[PDB]
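Next up: just one chain, as structure tokens, the form deposited in one PDB entry.
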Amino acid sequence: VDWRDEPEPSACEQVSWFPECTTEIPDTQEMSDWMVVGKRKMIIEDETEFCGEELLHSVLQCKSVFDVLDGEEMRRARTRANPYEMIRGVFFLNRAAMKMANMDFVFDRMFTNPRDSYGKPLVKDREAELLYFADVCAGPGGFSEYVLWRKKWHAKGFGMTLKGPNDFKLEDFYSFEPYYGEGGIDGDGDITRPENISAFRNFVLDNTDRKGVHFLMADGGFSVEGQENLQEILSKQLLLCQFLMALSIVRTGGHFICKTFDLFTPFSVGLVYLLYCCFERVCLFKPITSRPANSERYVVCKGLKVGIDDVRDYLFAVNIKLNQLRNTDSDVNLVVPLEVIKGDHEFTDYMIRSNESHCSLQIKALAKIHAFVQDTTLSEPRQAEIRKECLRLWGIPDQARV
């Protein structure tokens, strides 16, 4: 694998969108046969419905190269190999915060300055109007810190995240109501329990005139140490519930941004297909603040449509089933038929092209880290200058925490 003739790194990033959906939103009747249960499949190597075999097998093999290497040694090389590494978190509580700073710029401030379908801003700060947002799978809270810092005032947020070591750290915010699923501070904050979903949903609706938030951010993940290649499969329920939460609390015309990992499986692509039916426009995007060797990307959904209740209730039901099937030999493996997805040739084309381009880049980034492990003299000379250019472009002042 040759990573060495890759283009120069740059603060300039390109976005590609799914074409606008041209079909009706599916109703309950249409979806009645869509949920397929089968044996639990802890196998990723044959998942080629939306990606060529050679690319899939290559990315798996480039990850597995690291099975024998000490973690810190790999990370030290990663630090040197990533052109965008030095951005870090700037003055925010973590580097995750700068992923939202990055993407709020790239998507034309659609999150901090949301507009109606005709382009007119919805929130008038001069009139003291409130921007309402939500943040789930979200502790310690960088994404929210960013939103609150950009707005300075007149931004009301609602959050839900697991208790414990990765809970919100509101005290660490540079410049907001966490909710755990039972009222006040009570509950475990688990987005996969149906009662927590419903409770958070009512909490947010009751506090937004029953309309919902201008937008929802979701950034779910957890440790997959020792089973890294299975990440997508291991995080399938979390992906579903975040998508479900978007259809549950985002107001009409509102937006949704959510972290995913690999999107090779029919389960994952079928979920993305549902978002694409439910929103005016959808994109898959990996910001340069997301490290280049990993499977992370973001699905960005603009302009939620009217009439999405049947899809919402469908996903609510699929989640209940996923919970029923935990620790059994079965699982939900499809949520939209493959023949339906691939029947949409425009969708499928974008999907394959997205998966393959991400794989191509990730393969190079992984091979590069391996090279940097073996030769500690290799370097990315323009890290500081690239950092400076990104902050300037994104409107992020170069200042530190006191």
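For clarity, a rigid core is taken as the largest C-alpha set superposing within 1.5 Å between two forms. We number the residues from 1 along the sequence you see.
Here the subject shifts to the form deposited in another entry, a form of this protein not shown in this document.
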(request) Tell which of 283, 205, 308, 162, after superposing on the rigid core, has its C-alpha displaced by 2 Å or more between the shown form and the other one, please. (result) 162
(message) At a 2 Å cut-off on C-alpha positions, does residue 220 qualify as shifted between the shown form and the other one after fitting the rigid core?
(response) yes
(message) Between the shown chain and the other structure, the Cα gap of residue 223 to residue 297 differs by 3 Å or more. Is it closer or farther in the other form?
(response) closer
(request) Given a change of 3 Å or more, say if the Cα atoms of residue 104 and residue 166 sit closer or farther in the other form than in this form. (result) farther
